[PDB]
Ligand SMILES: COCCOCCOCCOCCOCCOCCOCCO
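Only one chain is included here, represented as structure tokens and corresponding to the form deposited without this ligand.
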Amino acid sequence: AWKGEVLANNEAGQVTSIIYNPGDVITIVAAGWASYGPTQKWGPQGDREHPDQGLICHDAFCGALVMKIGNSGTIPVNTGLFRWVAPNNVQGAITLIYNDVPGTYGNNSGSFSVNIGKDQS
């Protein structure tokens, strides 16, 4: 299992110790408060009122937690994933990333605290 902080201003993402392998079942729980620029902060589902202006993940709101697994595209995490299996041919290191527009992370603030574990399979 892995526990750690994902900074909202970390454009490259937070690498975890989790390597997702074929057949794995995982659970993620994310908590905390972060911002993509405004003084207000949002939880790991992000800001439901904000337009997508080129987010790294178009399937989650700006300010949401997302992830990549190896060479995958971004996959929404939001508050977490319960006993979750990846799509076919998706495998590798899990990197967690705050959802913002590339090149616009410098004014971000806050962080999410995230647990990831492998479940029975």
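Numbering starts at 1 and runs along the sequence shown.
Beyond the structure shown, there is the form deposited with this ligand bound, which is absent from this document and is the topic of what follows.
Not displayed here, this ligand is kept clear of residue 24 by more than 4.5 Å at the level of heavy atoms in the entry with it bound. This ligand is not drawn, but in the entry with it bound it has no heavy atom within 4.5 Å of residue 18. Proximity of residue 74 to this ligand in the entry with it bound falls within the 4.5 Å heavy atom cutoff. This ligand in the entry with it bound comes within 4.5 Å of no heavy atom belonging to residue 79. Shown without its partner, the chain has 11, 12 in segment 7-25 as residues with a non-hydrogen atom within 4.5 angstroms of this ligand in the entry with it bound.
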